[PDB]
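# Summary of the model geometry
Here are the chains, one letter per residue:
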Amino acid sequence: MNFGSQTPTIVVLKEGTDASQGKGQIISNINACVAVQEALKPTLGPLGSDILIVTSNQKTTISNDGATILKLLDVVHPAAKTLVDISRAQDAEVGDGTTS
Amino acid sequence: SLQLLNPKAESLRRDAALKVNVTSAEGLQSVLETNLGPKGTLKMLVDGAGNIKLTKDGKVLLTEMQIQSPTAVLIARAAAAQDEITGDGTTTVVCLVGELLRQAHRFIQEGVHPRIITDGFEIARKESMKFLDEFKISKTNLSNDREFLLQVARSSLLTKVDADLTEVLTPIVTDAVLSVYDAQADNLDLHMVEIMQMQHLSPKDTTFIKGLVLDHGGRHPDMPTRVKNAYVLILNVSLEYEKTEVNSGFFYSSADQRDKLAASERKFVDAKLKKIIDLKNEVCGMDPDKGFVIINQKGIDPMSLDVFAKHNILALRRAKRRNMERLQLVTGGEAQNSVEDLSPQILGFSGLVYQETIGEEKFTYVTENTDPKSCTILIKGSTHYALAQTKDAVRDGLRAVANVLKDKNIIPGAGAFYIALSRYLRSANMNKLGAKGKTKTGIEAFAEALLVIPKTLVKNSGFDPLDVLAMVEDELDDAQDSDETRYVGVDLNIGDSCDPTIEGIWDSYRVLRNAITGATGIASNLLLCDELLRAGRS
Amino acid sequence: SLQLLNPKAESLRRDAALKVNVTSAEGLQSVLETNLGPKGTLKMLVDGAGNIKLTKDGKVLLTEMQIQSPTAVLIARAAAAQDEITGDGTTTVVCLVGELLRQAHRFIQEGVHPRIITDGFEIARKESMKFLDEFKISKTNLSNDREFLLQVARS
Amino acid sequence: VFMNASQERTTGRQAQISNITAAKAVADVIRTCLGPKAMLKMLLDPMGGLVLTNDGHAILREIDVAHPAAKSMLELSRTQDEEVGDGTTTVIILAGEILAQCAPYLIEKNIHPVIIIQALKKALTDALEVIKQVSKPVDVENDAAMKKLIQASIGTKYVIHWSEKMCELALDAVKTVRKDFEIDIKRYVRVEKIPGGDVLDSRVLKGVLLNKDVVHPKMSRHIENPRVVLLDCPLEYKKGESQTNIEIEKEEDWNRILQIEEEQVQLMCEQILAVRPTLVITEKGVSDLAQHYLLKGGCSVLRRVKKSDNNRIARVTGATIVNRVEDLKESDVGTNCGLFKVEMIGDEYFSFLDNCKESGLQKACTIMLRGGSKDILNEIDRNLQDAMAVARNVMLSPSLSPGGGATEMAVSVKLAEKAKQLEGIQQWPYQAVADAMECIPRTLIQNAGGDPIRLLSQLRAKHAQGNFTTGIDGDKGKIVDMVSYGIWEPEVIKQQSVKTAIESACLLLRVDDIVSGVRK
Amino acid sequence: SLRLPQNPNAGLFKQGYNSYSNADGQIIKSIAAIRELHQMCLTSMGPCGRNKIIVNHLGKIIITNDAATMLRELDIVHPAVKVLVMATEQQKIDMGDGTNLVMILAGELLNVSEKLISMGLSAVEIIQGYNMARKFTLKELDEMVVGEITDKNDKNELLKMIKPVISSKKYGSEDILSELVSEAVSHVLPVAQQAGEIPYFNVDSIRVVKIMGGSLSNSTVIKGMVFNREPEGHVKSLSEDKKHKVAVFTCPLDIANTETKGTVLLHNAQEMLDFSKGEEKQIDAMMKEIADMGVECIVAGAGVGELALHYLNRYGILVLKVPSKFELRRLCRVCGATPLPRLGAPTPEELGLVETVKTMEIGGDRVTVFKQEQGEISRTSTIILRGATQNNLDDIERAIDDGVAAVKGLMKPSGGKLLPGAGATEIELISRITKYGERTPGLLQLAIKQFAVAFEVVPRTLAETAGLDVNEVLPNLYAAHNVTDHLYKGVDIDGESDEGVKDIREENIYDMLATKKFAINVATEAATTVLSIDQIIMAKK
Amino acid sequence: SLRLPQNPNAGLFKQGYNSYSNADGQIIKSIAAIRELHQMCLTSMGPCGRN
Ligand SMILES: Nc1ncnc2c1ncn2[C@@H]1O[C@H](COP(=O)(O)OP(=O)(O)O)[C@@H](O)[C@H]1O
Ligand SMILES: Nc1ncnc2c1ncn2[C@@H]1O[C@H](COP(=O)(O)OP(=O)(O)O)[C@@H](O)[C@H]1O
Ligand SMILES: Nc1ncnc2c1ncn2[C@@H]1O[C@H](COP(=O)(O)OP(=O)(O)O)[C@@H](O)[C@H]1O
Ligand SMILES: Nc1ncnc2c1ncn2[C@@H]1O[C@H](COP(=O)(O)OP(=O)(O)O)[C@@H](O)[C@H]1O
Ligand SMILES: Nc1ncnc2c1ncn2[C@@H]1O[C@H](COP(=O)(O)OP(=O)(O)O)[C@@H](O)[C@H]1O
Ligand SMILES: [Mg+2]
Ligand SMILES: [Mg+2]
Ligand SMILES: [Mg+2]
Ligand SMILES: [Mg+2]
Ligand SMILES: [Mg+2]
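In the PDB archive, cryo-EM is given as the structure determination method for this entry, at a resolution of 3.20 Å.

## Digging into the overall build of chain D
On a plain count of helices and strands, chain D comes out with 18 helices and 14 strands. For 520 residues, the compact-globule estimate of 2.2 N^0.38 gives 24 Å, and chain D exceeds it by more than 25% at 30 Å. Each of the three principal axes of chain D carries a C-alpha extent, and together these read 100 × 70 × 40 Å. Counting all 520 residues of chain D, 54% fall into the buried class. About 23,700 Å² of surface is accessible on chain D, with carbon and sulfur atoms providing 51% of the total.

## Observations regarding the site of ligand 1
Residues and elements named next belong to chain A. Around ligand 1, the neighbouring residues are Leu-44, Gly-45, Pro-46, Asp-96, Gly-97 and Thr-99. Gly-97 places a main-chain nitrogen or oxygen 2.7 Å from an oxygen atom of ligand 1. Tallied by class, residues from the shell around ligand 1 come to two nonpolar, three polar and one charged.

## A look at a positive patch on the surface
All names here are of chain E. Positive charge collects at one region of the surface, where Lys-325, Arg-329, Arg-333 and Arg-379 lie side by side. Topologically, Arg-333 is positioned in helix α12 (residues 326-335). The exposure class of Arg-333 is exposed, given its relative accessible area of 59%.

## A look at the side chain of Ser-338 of chain B
When you line up the elements, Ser-338 of chain B lands in the loop between α12 (327-331) and β11 (352-358). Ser-338 of chain B gets classed as buried once you look at its relative accessible area, which sits at 8%. Polar contacts involving the side chain of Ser-338 of chain B include one to the main-chain amide nitrogen of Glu-340 of chain B, which spans 3.4 Å. In contact with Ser-338 of chain B, other than residues within four places in its own chain, are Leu-235 of chain B together with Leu-289 and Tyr-293 of chain D.

## Digging into the domain arrangement of chain D
Residues and elements named next belong to chain D. Taken domain by domain, chain D holds domain 1 (1-138 + 399-520), domain 2 (139-206 + 363-398) and domain 3 (207-362). Once you take the C-alpha centre of each, domain 1 and domain 2 turn out to be 28 Å apart. Facing 22 residues of domain 1, the contacting portion of domain 2 comprises 21 residues. Summed over both sides, the interface between domain 1 and domain 2 buries roughly 1,800 Å², with carbon and sulfur atoms accounting for 50% of that surface. Viewed at the interface, domain 2 and domain 1 are joined by seven residue pairs in polar contact. Contributing elements (two or more residues each) for the side of domain 1 that touches domain 2: β2 (51-53), β11 (399-402), β14 (488-490) and α18 (492-508). No other element matches the three residues that β14 contributes to the side of domain 1 that touches domain 2.

## What about the interface of chain B and chain D?
The partner chain D presents 76 residues to the 78 residues of chain B that form the contact. The contact between chain B and chain D buries some 7,000 Å² in all, and 59% of this surface belongs to carbon and sulfur atoms. Remark: the boundary between chain B and chain D carries 10 salt bridges. In this structure, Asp-198 of chain D engages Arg-513 of chain B in a salt bridge whose closest nitrogen and oxygen atoms are separated by 3.2 Å. For the pair chain B and chain D, the number of links is 23 residue pairs in polar contact. Residue assignment for the side of chain B that touches chain D shows that the elements contributing at least two residues are α3 (70-86), α5 (114-135), α8 (255-262), α9 (264-282), α11 (321-324), α19 (509-528) and β17 (529-534) of chain B. Residue contributions to the side of chain B that touches chain D peak at 11 residues, all from α19 of chain B. Split by residue class, the side of chain B that touches chain D holds 27 nonpolar, 26 polar and 25 charged.

## Observations regarding the nonpolar core
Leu-28, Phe-121, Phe-417 and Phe-446 of chain B together with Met-42 and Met-388 of chain D are the most contacted members of the largest nonpolar core, which has 110 residues in total. Here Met-388 of chain D is in contact with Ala-170, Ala-173, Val-174, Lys-186, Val-189 and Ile-367 of chain D, once residues within four sequence places are set aside. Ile-59, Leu-76, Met-437 and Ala-505 of chain D belong to the second-largest nonpolar core, a separate cluster that totals 59 residues.

## Digging into the side chain of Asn-111 of chain E
With respect to the element layout, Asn-111 of chain E can be found in helix α5 (residues 99-112). Exposure remark for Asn-111 of chain E: the relative accessible area of 10% places this residue in the buried category.

## Side note on the arrangement of the chains
Most contacts, among the 12 pairs of chains that meet, fall between chains B and D. Nothing in chain A touches chain F; the tightest C-alpha to C-alpha distance between them is still 13 Å.

## Digging into the interface of chain E and chain D
Interfaces are often sized by the accessible area lost when the parts come together. Taken together, the contact between chain E and chain D spans 15 residues of the former and 20 residues of the latter. Here chain E and chain D share an interface that buries about 1,500 Å² over both sides, 51% of which is from carbon and sulfur atoms. On the chain E side of the interface with chain D, the three residues burying the most area are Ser-1, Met-119 and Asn-471 of chain E, jointly 36% of the side's total. Inspection of the chain E/chain D interface yields zero salt bridges.

## A look at the coordination of the magnesium ion (ligand 8)
In this structure, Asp-88 of chain C (OD) and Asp-88 of chain C (OD) serve as the protein donors to the magnesium ion (ligand 8), at separations of 2.1 to 2.7 Å. Relative to the elements of secondary structure, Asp-88 of chain C occurs in the loop between α4 (70-85) and α5 (90-108).

## Digging into the sheet that holds strand β4 (residues 220-222) of chain E
Residues and elements named next belong to chain E. With respect to topology, three strands assemble into an open sheet ordered β3-β11-β4, the strand pairing being mixed. Every other strand in the sheet has two partners, leaving β3 (206-212) and β4 as the edge strands with one partner each. Within the sheet, the average angular offset between the axes of one strand and its neighbour, ignoring direction, is 30°. One ladder, built from seven bridges, connects β3 with strand β11 (residues 381-387); its direction is parallel. What sits directly across from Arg-207, in β11, is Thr-382.

## A look at the sheet that holds strand β8 (residues 318-320) of chain E
Residue and element names in this part refer to chain E. If you trace the three strands from one edge of the open sheet to the other, you get β6-β7-β8, paired in parallel fashion. Looking at the sheet topology across the chains shown, the edges are occupied by β6 (246-249) and β8. Within this sheet the neighbouring strands show an average axis-to-axis angle of 15°, counted without direction. Relative to β8, strand β7 (residues 297-300) is paired through three bridges, and the arrangement is parallel. Looking at the pairing, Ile-298 lines up with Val-319 of β8.

## Describing the pattern of salt bridges
All chains considered together, the criterion is met by 78 salt bridges over all chains. In this structure, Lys-41 of chain D engages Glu-531 of chain B in a salt bridge whose closest nitrogen and oxygen atoms are separated by 3.9 Å. Here the residue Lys-41 of chain D occupies a position in strand β1 (residues 40-44), and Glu-531 of chain B occupies one in strand β17, the pair thus bridging two chains. A residue is classified by how much of its surface remains accessible, and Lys-41 of chain D, at 0% relative accessible area, is buried. The buried category is assigned to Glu-531 of chain B, whose relative accessible area is 5%. The shortest N-O distance in the salt bridge between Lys-243 of chain E and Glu-355 of chain E comes to 3.5 Å. With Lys-243 of chain E in the loop between β5 (226-227) and β6 and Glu-355 of chain E in the loop between α12 and β9 (358-361), the pair connects residues that are 112 residues apart, well separated along the chain. A relative accessible area of 18% places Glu-355 of chain E in the buried class.

## What about the site of ligand 4?
Residue and element names in this part refer to chain D. Around ligand 4 sit 17 residues, and of these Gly-87, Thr-88, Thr-156, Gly-404 and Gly-405 come closest. A distance of 2.8 Å separates an oxygen atom of ligand 4 from a polar side-chain atom of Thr-156. Protein chains shield 92% of the accessible area of ligand 4, which is 550 Å² for the free molecule. Among the elements of the structure, α5 (88-109) and α15 (439-448) are those that each provide at least two residues to the shell around ligand 4. Of all the elements, α5 adds the most residues to the shell around ligand 4, at three residues. When grouped by side-chain class, the residues that make up the shell around ligand 4 number five nonpolar, nine polar and three charged.

## A word on the UniProt feature "disulfide bond" in chain D
The UniProt disulfide joining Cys-356 of chain D and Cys-365 of chain D is absent here, with an S-S separation of 16 Å. Secondary-structure assignment places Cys-356 of chain D in the loop between β9 (350-355) and β10 (366-367).

## A closer look at the packing of helix α2 (residues 35-43) of chain E against α5 of chain E
Residue and element names in this part refer to chain E. Direction vectors running N to C along α2 and α5 enclose 145°, while the axes themselves pass 9 Å from each other. Crossing of α2 against α5: the hand is left-handed. Mapping the contact onto sequence places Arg-35, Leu-37, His-38, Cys-41 and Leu-42 in α2 and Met-103, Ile-104, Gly-107, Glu-108 and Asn-111 in α5. Tallied by class, the residues present in the contact of α2 with α5 amount to five nonpolar, three polar and two charged.

Cut-offs and rules
Residues numbered from 1 in each chain as written, not as in the entry; some residues may be left out. Chains lettered and ligands numbered in written order. Part of a larger assembly, values for the part shown. Heavy atoms only, no water. Residues with missing side-chain atoms left out of burial classes, pairs and counts. Helix = DSSP H or I, 4+ residues; strand = E, 2+ residues; numbered from the N terminus. Rg over C-alpha atoms; globule rule 2.2 N^0.38 Å. Buried < 20%, exposed > 50% of the residue type's maximum accessible area, 1.4 Å probe, protein only. Areas by Shrake-Rupley, 256 points an atom, 1.4 Å probe, with all protein chains shown as cover. Near = heavy atom within 4 Å. Polar contact = N/O pair within 3.5 Å; in protein donor to acceptor, adjacent residues only side chain to side chain. Nonpolar A, V, L, I, M, F, W, Y, C, P; charged D, E, K, R; others polar. Patch = residues over 30% accessible without salt bridge, like charges linked within 9 Å, V, L, I, M, F, W, Y side chains within 5 Å. Salt bridge = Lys/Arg side-chain N within 4 Å of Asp/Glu carboxyl O. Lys, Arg positive; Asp, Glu negative; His and termini not counted. Charge placed at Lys NZ, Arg CZ, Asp CG, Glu CD. Contact = heavy atoms within 4.5 Å. Domains from an automatic or database assignment. Buried area = accessible area lost by both parts, 1.4 Å probe. Core = buried A, V, L, I, M, F, W, Y, C linked by side-chain atoms within 4.5 Å. Donors = N, O, S within 2.8 Å, 3.2 Å for Na, K, Ca; no water. Pairing = 2+ DSSP bridges. Axes fitted to C-alpha atoms, helices over the stretch in contact; angles between N-to-C directions. Disulfide = S-S within 2.5 Å. UniProt positions renumbered as here; feature names shortened; annotations may be inferred. Left-handed = near helix turned anticlockwise from the far one by under 90°.

Here it is in structure tokens:
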């Protein structure tokens, strides 16, 4: 009746699709934003420090505001892209307070 | 259910497990189908080593070719276990389980349960056991009919070898079996009858020797070759050196004391040789006419062989365990181990002892006994496979004829047993039986499966198997009304029925009994199994 | 003998070719017979592209699923010619061929030649036509009644 | 990186979902291996053998699952086999259902895995009460009822056709091992096998059965009254615990050293002949020089016998384990031996020792099996362990519970009725215990081809009104009371099934996460 | 006893084909495997549901707590799941409402039917059971209606319609987004004393223009549309003309060239001198006629040449490309003009009216605003969304698409009557079906009871997302229905939800009749297919 | 059609084992196999035989 020797079970999601349940993922998403937050922590204020970024194409780009710093760093994580979207939205609407 | 548990596994269930047991059964049946019968085909088996061994026995085919299927290994143990104790009926077990599965599988496809089908085989098997009591015939052993034993010996030997080997090897078995029967009526096959290999002129020159033959002879030239009257002596004591449990150095001090202590090696050996000389002094009369021979189970030192050579005493060393258990039966003497207590009563008797050598090996022949209680069958052969073919033929022939003397009954063969059970199971009233429900086809399945064996004999001859049973069926229809009890047969020479009572075709009693019992158990267990799987740590 | 002509060739002759023809027919029968009747089961032809399709006709099941065995290709081609001219009864063709080879092979194992076996099928086939033309019944379709067409369509 | 973990942590609800699915998968393998119409199972081990059986324990021994939750379910069969010896498949099939029924709630109604445990102990406490009430006592000395009690388990096996012989075979064997409380043990039950022969002529014979023959040919093959004496040391010359290292100086020393080797074996043989035994069974090997002078007195010498068989010979013949030969007396010599005889079988020789049959030490015996092949012997041998296991429970406990699922169905009805009066938070897991207890009957019905729907509906309608002994006939598939059906099982197997199944669920339900690949 | 015989039907179908039939255990394998994705739609259900981030293979990230948008991007290998996938898509394209109910019910019917198959009830009888239970469910929902609406014009009446739909997706924003959608529908519908005979409505009427930046409260309604495009030529007057006639040309403003390719042929230099002025006078004859009637705005779909743009700059005519063809016709609906691929001349009947056009930046980018006051509009509106992230505005668009899709679901049929929501009518159906199962004796009664148990997930899923105990508020809610007042009992979601009773009319939570009927039918048909199949045949990759 | 079933029920024995029946002219091949080395013996019998 069967076509062959054995029949391996189907994975519901595609092979290699990452997924997780519980409170661990939302903590990882929050910790991902805090990891991006720590880069812009000492930049805030008049006595703050600039950030030097060098992308894969080897073009130097120094900046103080968080609008173009986040544009240079191509963000993979969706939760960390939330800070990048509001920074460009704040840069597009007002133009101040992108780090705060 | 098994794939999420085990990451790697194989599983067949509810249709493939049934097809596997039937397909593997039909596959293994086709291998041994052509070998069954007298006109069957031979089968050689050559491994990577290059040796050759030729025989028609299904056990040799199964226990030499490695097999991977899980069904056939149970048929291999079943065919082997039935033959290992009985010595006959190997392919018959494979054909029954090979045919009973396919004959029941057609009704499993119809939708009948396997449980009630196997219930029909068991209650049908009990009817065959009741039929064996009425079908067998009593035979009294007090008559000592040698012609009856000759016909039984030709039943198995004609199947394995041709008529040229059967006619010359048949009375070799009959003379060996004629001495088995005695007043005690205790059968003894392994100790009494033996087989020994010897590359010689041809297979046709096999002869019977009433005494025990040995595969060794006299080492020294001056020791006598032929002895007329040789009184044997059994001694299991080892007459070479012994290392002596931790005993160490013969600490010698001076040079003269060195060889003085080396001479003590002979004193332990000479202490035992003197007892043999004291025994020879009692039987010293007629020393040129008579003789003396010593047979040891362990090795003899070459220093002591010159002692026996001077007194013209024949020496034989390193005998088997079985030969020491046979010298008392042949020569009539008694066994001895220690050299302290000797007597002339334990010495045997022999009428002729001579040696013949070929190439490097040398054989010692003993025969012309007064009242030999045992004997041997020295088989001659050309090639190694010729000895292996004669090994299986003599091994299966002695066990088949020996079982006739165990009981007081014998079963005629040539399909008479299977054809008789066919009419019995198909004509018996079912109300007498306790089986009801869907046991209608189980009686017909097992009754019809027995018919395939006697036509497999016809399939090797090339005739039409269905047409040569027409007159067989017509004979039994008139035989019951004619008031004449006769048993038909299947003669493959002319393609017509025959009578095994006058032709001499016979079969043992426990072969067909154990065959159906072993086959019904294996075939029933394979039918009830509905799932196959492999799992374990490796 | 065939290896001397072409070493890369193979051949099964007179016992292995018969088991292949019968086992392939019984294997095709055991899979495809379940769709016969109203209580039959539904098959999901899921190809590599993810296309899902429900059906019970043996024509479209064998068309999408390529056949590896050489015997079942001949049976699938018979179902194609059946579905082409008629459009119904493909499951009866594979069951009849599977059962005819099963019932015939039961007698080939008993030592009967295949020639006279097939001769009996043709005489039995011609005998069925002489039974079929008497078994049929004639009706008048000029009335164009709706009740007969509904129950015939419902079947 | 961090420690050897965190590959893929299955946490939260999905971890328990895999365990219920994994625990259910173990029962699905042997779902058809229950009831009188149960199917067999051939498992392929990787070494090269084969195991043909339907017992759930023997099936789960050979299988190997790479999952930690399913392995705890695997060990429950060893709990049942090494406690009673019957109902191993009943243990595995019931637990699966208990874990499965409790699952709906765990997955959806969010009852925490501890509240289910508290609900099950009260169900366990009530299960023993109704199982105690539903069971009826039975007389232990009634051989007519004992044969029908022993063959209840044989009916679910291949040898139901030979049930008339197996009950007589098992009953005689159990009474032999039974000591006059009534403690018995299967270590002396010899499982020696003989390939081939018919089952009808197979019979139990009082005594032992060796695989070896006598050494010397002149030994008596037929003795009327054997007198067995067990020896532990070998008859060879003992080298000693320390090296001898004899410094030989004179020529008359080496022949003396080889002569005392002959006299020491004479001294130990001559003191054995003070009592004049007929059969001397040595544990270790024997020498060629010593056997002759034991034959001069009339003894019989054998090869090395493993002491597992000598301990059986000590209880059969009444002899004691003796190593020091100088302290050999007449009181410790075995006696009252029935008969000695050696049969010829092509496999190997076989020496028979029969007993005179006429408190003291418990007597041993050897059960002869004459099967069709090797697998038939191993199949029948496990049936005797399953059949003889039933005979122990009736002696240790005179209670007798009804079979055919009537006992477990009685648990289902009372737990279902009492669940309404148990109003609270424990009501939902307490009511789910009855849903699994009515499945054993369901499994039996499903293997008969019956329909579980109307039969179980007809069962519950007649169980409250008709009687407490109602059940399903596995062969016919109709409702037949166990009183007229005449098949009964012990109550001890029902206790271990309910206890082991519920106690297994309490362990596995507490599993939160699964982390694989830590260390060895 | 080492290697198996390898299933001698291996001469049949290739190794890539996998059979997973029944008896082997297909139903047990399937109903279970899909419990993982059943919890996905269950957790994303209700007003407190959790949105799920789905990153496709291209990298376009989306975050939507529905079911149709999620399962479209999920590449699912399991075939039995895919029956539920496109069955949910049918709800999206047809009604645009009820994706999640469909998933939590079609899957729950398979989950709750574990008891029927495990007990040993026939699969054919289960299909007949749910079909007859489906018919009783459709007939019974008509009697529990108390929201028979006949006006369906005013804005306050839509508060019982749009706000329950918007309250599900992002519950925090109710009054703001409902004002945008309700004000959009009022601009879409025409001003009339009695508009009947099934007036036409389509989902393409209300469009969504996403602008980056700005709080959600600062949004506003625009009667026209807003394009991210650069005007050319001049600045507008913005109050001087008071109204502007807008011509929309399909073909570009250039000299009429043929489809077949040609070139310039000049036999002498006299034509060379006049060719420079001939092209200028050719367009001037066609461009001067357009300016006579006062067409103050021209829209050409294809690329406009520089020669045509130069003549229009001096007269002060607005130009616009609008390359896409779908959005070109929506501008015609605003002004009320027809497309004209011919140049011809402007006629008064075919030319529309537009009040004003003004250009500014809303989120930093310059855009063109076609807002008009006191003008006549017909089936056109837009909602300018202001948000912090593009990922959040994508969910607001689909929430508005589901909101206006419900308006299509109301006005297209003769009646889109309301029902009690918030776990009110679902528990009522459990009581109706429980009483219906006892009326018909037979073996199918077990299927009727288990069909009612599948409706239990709707109340408790709101309680599970609310952080409440299911075993307290759910059985307490049954005591409230004992006995109008008993029909308006529902599930409360608040810190004071220990009582478990909240009146529906205080906040006016309601659901549609046609949405639940189509959801129950597609859910039953989805479960009918999964329970009817027995064999599933795969293939390689 | 692209590939045969390659002799089903061949797992009864090992892959290395092969059968050679009298049919298919194999007994003629065994006579031809004798004929290979038999012709070597033709040049080696007699007084004019070649080593
Ligand atoms: N002269 C000042 N005195 C006190 N605080 C200041 C002064 N100038 C800037 N700040 C503070 O520094 C913070 C960061 O400003 P800055 O980083 O320069 O702007 P942005 O973050 O927009 O780039 C602001 O929050 C502001 O309150
Ligand atoms: N010359 C013969 N004529 C008729 N029947 C024969 C002859 N030789 C053998 N048979 C039949 O062949 C069967 C098988 O014989 P045998 O080779 O001894 O057993 P197995 O084939 O099982 O090893 C027997 O039942 C016997 O009756
Ligand atoms: N309702 C029914 N009851 C009994 N037999 C039926 C019924 N419907 C069809 N059959 C039988 O099934 C056979 C095949 O019919 P059908 O399934 O329509 O064709 P196919 O098997 O090619 O799909 C017919 O010969 C008919 O006898
Ligand atoms: N003849 C029978 N009819 C109905 N049920 C039976 C019958 N025999 C055994 N059973 C049921 O099968 C269960 C297991 O019995 P058995 O097969 O002896 O043990 P095991 O499961 O260890 O093989 C018992 O609980 C009993 O209720
Ligand atoms: N404030 C509230 N109080 C009570 N119930 C609410 C509230 N807001 C939303 N709900 C309920 O949440 C449910 C969400 O349903 P939803 O899945 O969005 O509907 P659909 O499946 O038709 O899209 C609605 O049925 C509604 O009754
Ligand atoms: Mg700043
Ligand atoms: Mg034979
Ligand atoms: Mg049809
Ligand atoms: Mg049991
Ligand atoms: Mg909604």
